[PDB]
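Peer 1: Right, I'll just put the structure down here and ask away after.
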Amino acid sequence: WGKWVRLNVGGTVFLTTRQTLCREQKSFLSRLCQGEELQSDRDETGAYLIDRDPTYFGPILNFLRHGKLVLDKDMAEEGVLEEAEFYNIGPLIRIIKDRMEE
């Protein structure tokens, strides 16, 4: 093993590090790459399998990188929210919600 981790999210593979995923100790991702997830399934390439849409995963992963929420203009904020709720990142869910009143 190493510091690098591959996540197969709905058929698309994302490359990142343990440091990035484990910024939120109670998140699904930190729990995943620490082997504390019961359903830890991996393909032959060693990538973690996630039955979620990869379209809205980029922003989630970027928040874990630089702490900010950045969206392109055409991307639905509702889609990112559903993912943030699934991966259980509190701070991000809040920021998204706070962005959806005005």
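Every chain in the structure tokens has a letter given in the order shown (A, B, ...), and although residue numbers restart at 1 in each chain, ligands are simply numbered from 1 in the order shown.
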Determine, counting only C-alpha atoms, which protein, DNA and RNA residues have an atom within 12 Å of an atom of stretch 1-7 of chain A; residues of the same chain fewer than 2 positions away are not included. Present the result as a PDB file with N, CA and C atoms, in the first residue's frame.
Peer 2:
```pdb
ATOM      1  N   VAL A   9     -16.091   5.341  -8.542  1.00  0.00           N
ATOM      2  CA  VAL A   9     -17.394   5.906  -8.212  1.00  0.00           C
ATOM      3  C   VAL A   9     -18.353   5.813  -9.395  1.00  0.00           C
ATOM      4  N   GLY A  10     -19.171   4.768  -9.412  1.00  0.00           N
ATOM      5  CA  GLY A  10     -20.156   4.597 -10.463  1.00  0.00           C
ATOM      6  C   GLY A  10     -19.558   4.286 -11.824  1.00  0.00           C
ATOM      7  N   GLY A  11     -18.318   3.805 -11.835  1.00  0.00           N
ATOM      8  CA  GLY A  11     -17.638   3.441 -13.066  1.00  0.00           C
ATOM      9  C   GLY A  11     -16.490   4.360 -13.440  1.00  0.00           C
ATOM     10  N   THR A  12     -16.383   5.488 -12.746  1.00  0.00           N
ATOM     11  CA  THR A  12     -15.296   6.435 -12.963  1.00  0.00           C
ATOM     12  C   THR A  12     -14.320   6.391 -11.794  1.00  0.00           C
ATOM     13  N   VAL A  13     -13.033   6.292 -12.106  1.00  0.00           N
ATOM     14  CA  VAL A  13     -12.005   6.149 -11.086  1.00  0.00           C
ATOM     15  C   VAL A  13     -11.349   7.487 -10.757  1.00  0.00           C
ATOM     16  N   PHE A  14     -11.401   7.852  -9.479  1.00  0.00           N
ATOM     17  CA  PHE A  14     -10.766   9.064  -8.979  1.00  0.00           C
ATOM     18  C   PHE A  14      -9.490   8.715  -8.233  1.00  0.00           C
ATOM     19  N   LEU A  15      -8.436   9.486  -8.476  1.00  0.00           N
ATOM     20  CA  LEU A  15      -7.165   9.303  -7.788  1.00  0.00           C
ATOM     21  C   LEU A  15      -6.986  10.370  -6.719  1.00  0.00           C
ATOM     22  N   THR A  16      -6.690   9.939  -5.500  1.00  0.00           N
ATOM     23  CA  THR A  16      -6.466  10.863  -4.399  1.00  0.00           C
ATOM     24  C   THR A  16      -5.616  10.197  -3.325  1.00  0.00           C
ATOM     25  N   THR A  17      -5.501  10.847  -2.171  1.00  0.00           N
ATOM     26  CA  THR A  17      -4.655  10.355  -1.089  1.00  0.00           C
ATOM     27  C   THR A  17      -5.444  10.120   0.189  1.00  0.00           C
ATOM     28  N   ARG A  18      -4.838   9.393   1.120  1.00  0.00           N
ATOM     29  CA  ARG A  18      -5.465   9.115   2.404  1.00  0.00           C
ATOM     30  C   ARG A  18      -5.635  10.395   3.211  1.00  0.00           C
ATOM     31  N   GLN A  19      -4.629  11.260   3.155  1.00  0.00           N
ATOM     32  CA  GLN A  19      -4.659  12.527   3.873  1.00  0.00           C
ATOM     33  C   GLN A  19      -5.887  13.354   3.503  1.00  0.00           C
ATOM     34  N   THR A  20      -6.273  13.294   2.235  1.00  0.00           N
ATOM     35  CA  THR A  20      -7.401  14.069   1.740  1.00  0.00           C
ATOM     36  C   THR A  20      -8.732  13.489   2.210  1.00  0.00           C
ATOM     37  N   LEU A  21      -8.840  12.167   2.204  1.00  0.00           N
ATOM     38  CA  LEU A  21     -10.090  11.506   2.558  1.00  0.00           C
ATOM     39  C   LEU A  21     -10.335  11.493   4.060  1.00  0.00           C
ATOM     40  N   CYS A  22      -9.258  11.570   4.837  1.00  0.00           N
ATOM     41  CA  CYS A  22      -9.347  11.428   6.288  1.00  0.00           C
ATOM     42  C   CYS A  22      -9.315  12.759   7.030  1.00  0.00           C
ATOM     43  N   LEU A  29     -15.846   8.362   3.825  1.00  0.00           N
ATOM     44  CA  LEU A  29     -14.621   8.171   3.061  1.00  0.00           C
ATOM     45  C   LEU A  29     -13.430   7.850   3.957  1.00  0.00           C
ATOM     46  N   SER A  30     -13.313   8.563   5.071  1.00  0.00           N
ATOM     47  CA  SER A  30     -12.243   8.308   6.025  1.00  0.00           C
ATOM     48  C   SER A  30     -12.398   6.916   6.610  1.00  0.00           C
ATOM     49  N   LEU A  32     -13.815   4.523   5.157  1.00  0.00           N
ATOM     50  CA  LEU A  32     -13.624   3.569   4.074  1.00  0.00           C
ATOM     51  C   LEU A  32     -12.162   3.191   3.902  1.00  0.00           C
ATOM     52  N   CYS A  33     -11.310   4.194   3.724  1.00  0.00           N
ATOM     53  CA  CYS A  33      -9.907   3.944   3.421  1.00  0.00           C
ATOM     54  C   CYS A  33      -9.101   3.604   4.670  1.00  0.00           C
ATOM     55  N   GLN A  34      -9.765   3.561   5.821  1.00  0.00           N
ATOM     56  CA  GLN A  34      -9.129   3.096   7.050  1.00  0.00           C
ATOM     57  C   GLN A  34      -9.531   1.655   7.356  1.00  0.00           C
ATOM     58  N   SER A  40     -16.317  -3.337   2.563  1.00  0.00           N
ATOM     59  CA  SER A  40     -15.146  -2.833   1.854  1.00  0.00           C
ATOM     60  C   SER A  40     -14.858  -3.691   0.626  1.00  0.00           C
ATOM     61  N   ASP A  41     -15.470  -3.328  -0.498  1.00  0.00           N
ATOM     62  CA  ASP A  41     -15.303  -4.067  -1.744  1.00  0.00           C
ATOM     63  C   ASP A  41     -14.316  -3.359  -2.660  1.00  0.00           C
ATOM     64  N   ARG A  42     -13.490  -4.141  -3.349  1.00  0.00           N
ATOM     65  CA  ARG A  42     -12.448  -3.599  -4.217  1.00  0.00           C
ATOM     66  C   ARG A  42     -12.322  -4.440  -5.482  1.00  0.00           C
ATOM     67  N   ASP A  43     -12.081  -3.786  -6.615  1.00  0.00           N
ATOM     68  CA  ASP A  43     -11.887  -4.502  -7.871  1.00  0.00           C
ATOM     69  C   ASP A  43     -10.453  -5.011  -7.975  1.00  0.00           C
ATOM     70  N   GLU A  44     -10.134  -5.661  -9.091  1.00  0.00           N
ATOM     71  CA  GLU A  44      -8.812  -6.247  -9.286  1.00  0.00           C
ATOM     72  C   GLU A  44      -7.705  -5.197  -9.228  1.00  0.00           C
ATOM     73  N   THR A  45      -8.029  -3.965  -9.604  1.00  0.00           N
ATOM     74  CA  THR A  45      -7.043  -2.890  -9.620  1.00  0.00           C
ATOM     75  C   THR A  45      -6.872  -2.262  -8.240  1.00  0.00           C
ATOM     76  N   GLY A  46      -7.662  -2.725  -7.277  1.00  0.00           N
ATOM     77  CA  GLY A  46      -7.551  -2.264  -5.904  1.00  0.00           C
ATOM     78  C   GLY A  46      -8.373  -1.025  -5.601  1.00  0.00           C
ATOM     79  N   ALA A  47      -9.196  -0.608  -6.556  1.00  0.00           N
ATOM     80  CA  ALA A  47     -10.008   0.591  -6.395  1.00  0.00           C
ATOM     81  C   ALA A  47     -11.265   0.306  -5.583  1.00  0.00           C
ATOM     82  N   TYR A  48     -11.575   1.195  -4.644  1.00  0.00           N
ATOM     83  CA  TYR A  48     -12.779   1.068  -3.831  1.00  0.00           C
ATOM     84  C   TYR A  48     -14.028   1.330  -4.663  1.00  0.00           C
ATOM     85  N   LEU A  49     -15.016   0.451  -4.534  1.00  0.00           N
ATOM     86  CA  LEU A  49     -16.238   0.543  -5.326  1.00  0.00           C
ATOM     87  C   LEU A  49     -17.330   1.300  -4.586  1.00  0.00           C
ATOM     88  N   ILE A  50     -17.906   2.297  -5.253  1.00  0.00           N
ATOM     89  CA  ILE A  50     -18.936   3.142  -4.660  1.00  0.00           C
ATOM     90  C   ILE A  50     -20.110   3.286  -5.620  1.00  0.00           C
ATOM     91  N   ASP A  51     -21.287   2.863  -5.175  1.00  0.00           N
ATOM     92  CA  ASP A  51     -22.484   2.911  -6.005  1.00  0.00           C
ATOM     93  C   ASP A  51     -23.115   4.298  -5.961  1.00  0.00           C
ATOM     94  N   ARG A  52     -22.362   5.294  -6.416  1.00  0.00           N
ATOM     95  CA  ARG A  52     -22.834   6.674  -6.460  1.00  0.00           C
ATOM     96  C   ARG A  52     -22.410   7.321  -7.768  1.00  0.00           C
ATOM     97  N   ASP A  53     -23.039   8.441  -8.106  1.00  0.00           N
ATOM     98  CA  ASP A  53     -22.770   9.106  -9.373  1.00  0.00           C
ATOM     99  C   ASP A  53     -21.472   9.919  -9.299  1.00  0.00           C
ATOM    100  N   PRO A  54     -20.566   9.729 -10.277  1.00  0.00           N
ATOM    101  CA  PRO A  54     -19.287  10.453 -10.252  1.00  0.00           C
ATOM    102  C   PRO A  54     -19.372  11.908 -10.698  1.00  0.00           C
ATOM    103  N   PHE A  57     -19.174  14.112  -7.645  1.00  0.00           N
ATOM    104  CA  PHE A  57     -18.170  13.712  -6.667  1.00  0.00           C
ATOM    105  C   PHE A  57     -16.952  14.631  -6.676  1.00  0.00           C
ATOM    106  N   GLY A  58     -16.667  15.235  -7.823  1.00  0.00           N
ATOM    107  CA  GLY A  58     -15.516  16.110  -7.955  1.00  0.00           C
ATOM    108  C   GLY A  58     -15.482  17.210  -6.911  1.00  0.00           C
ATOM    109  N   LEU A  61     -14.793  16.046  -3.452  1.00  0.00           N
ATOM    110  CA  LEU A  61     -13.395  15.690  -3.279  1.00  0.00           C
ATOM    111  C   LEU A  61     -12.524  16.934  -3.205  1.00  0.00           C
TER     112      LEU A  61
END
```
Peer 1: Would you kindly return, as a list in words, each protein, DNA or RNA residue with an atom no farther than 8 Å from any atom of residue A:92, considering only C-alpha atoms and excluding same-chain residues fewer than 4 positions away?
Peer 2: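 Listed by chain and then number, they are residues 60, 63, 69, 84 and 96 of chain A.
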Peer 1: Would you export the selected residues with N, CA and C atoms as an mmCIF file, in the first residue's frame, please?
Peer 2:
```cif
data_model
loop_
_atom_site.group_PDB
_atom_site.id
_atom_site.type_symbol
_atom_site.label_atom_id
_atom_site.label_comp_id
_atom_site.auth_asym_id
_atom_site.auth_seq_id
_atom_site.Cartn_x
_atom_site.Cartn_y
_atom_site.Cartn_z
ATOM 1 N N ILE A 60 -17.116 17.436 -4.093
ATOM 2 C CA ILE A 60 -16.975 16.821 -2.780
ATOM 3 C C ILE A 60 -15.504 16.590 -2.473
ATOM 4 N N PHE A 63 -13.531 19.860 -1.905
ATOM 5 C CA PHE A 63 -13.739 20.420 -0.582
ATOM 6 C C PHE A 63 -12.778 19.763 0.396
ATOM 7 N N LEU A 69 -16.027 25.286 -1.381
ATOM 8 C CA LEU A 69 -17.056 24.763 -2.274
ATOM 9 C C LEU A 69 -17.037 25.509 -3.599
ATOM 10 N N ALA A 84 -23.072 14.804 -0.595
ATOM 11 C CA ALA A 84 -22.500 15.276 0.659
ATOM 12 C C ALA A 84 -23.199 14.623 1.849
ATOM 13 N N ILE A 96 -23.447 23.931 1.755
ATOM 14 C CA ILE A 96 -24.334 23.772 0.610
ATOM 15 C C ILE A 96 -25.731 24.265 0.961
#
```
Peer 1: DSSP on the backbone, alpha helix (DSSP H) only: what residues of stretch 20-68 of chain A does that give? Format it as a PyMOL selection string.
Peer 2: chain A and resi 20-21+28-33+57-66
Peer 1: Given the selection you just returned, output its residues as a file containing C-alpha atoms, formatted as a PDB file, in the first residue's frame.
Peer 2:
```pdb
ATOM      1  CA  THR A  20      -7.401  14.069   1.740  1.00  0.00           C
ATOM      2  CA  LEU A  21     -10.090  11.506   2.558  1.00  0.00           C
ATOM      3  CA  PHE A  28     -17.796   7.669   5.092  1.00  0.00           C
ATOM      4  CA  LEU A  29     -14.621   8.171   3.061  1.00  0.00           C
ATOM      5  CA  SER A  30     -12.243   8.308   6.025  1.00  0.00           C
ATOM      6  CA  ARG A  31     -13.985   5.265   7.451  1.00  0.00           C
ATOM      7  CA  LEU A  32     -13.624   3.569   4.074  1.00  0.00           C
ATOM      8  CA  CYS A  33      -9.907   3.944   3.421  1.00  0.00           C
ATOM      9  CA  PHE A  57     -18.170  13.712  -6.667  1.00  0.00           C
ATOM     10  CA  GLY A  58     -15.516  16.110  -7.955  1.00  0.00           C
ATOM     11  CA  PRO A  59     -16.675  19.076  -5.834  1.00  0.00           C
ATOM     12  CA  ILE A  60     -16.975  16.821  -2.780  1.00  0.00           C
ATOM     13  CA  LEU A  61     -13.395  15.690  -3.279  1.00  0.00           C
ATOM     14  CA  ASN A  62     -12.222  19.256  -3.846  1.00  0.00           C
ATOM     15  CA  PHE A  63     -13.739  20.420  -0.582  1.00  0.00           C
ATOM     16  CA  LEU A  64     -11.709  17.710   1.118  1.00  0.00           C
ATOM     17  CA  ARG A  65      -8.673  19.105  -0.712  1.00  0.00           C
ATOM     18  CA  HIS A  66      -8.851  22.872  -0.173  1.00  0.00           C
TER      19      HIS A  66
END
```
Peer 1: Just list as a list in words whatever in chain A DSSP marks as strand (DSSP E).
Peer 2: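 Answer for chain A restricted to strand (DSSP E) is residues 4, 5, 6, 7, 8, 9, 12, 13, 14, 15, 16, 17, 48, 49 and 50 of chain A.
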Peer 1: Could you tell me how far atom CA of residue A:8 sits from atom CA of residue A:100, in Å to one decimal place?
Peer 2: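 Pair atom CA of residue A:100 / atom CA of residue A:8 returns 29.0 Å.
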Peer 1: Using only C-alpha atoms, find the one residue out of A:74, A:56, A:37, A:68 that sits nearest to residue A:91.
Peer 2: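 Looking only at the distances to residue A:91, the closest residue turns out to be A:68.
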Peer 1: Please provide the set of residues having any atom within 7 Å of stretch 24-27 of chain A, restricted to only C-alpha atoms, with same-chain residues fewer than 5 positions apart removed, written as a ChimeraX atom specification.
Peer 2: /A:87-89
Peer 1: Record the distance separating atom CA of residue A:94 and atom CA of residue A:39, expressed in Å with one decimal.
Peer 2: 27.2 Å
Peer 1: If I take atom CA of residue A:97 and atom CA of residue A:77, how far is one from the other in Å, to one decimal?
Peer 2: 9.2 Å
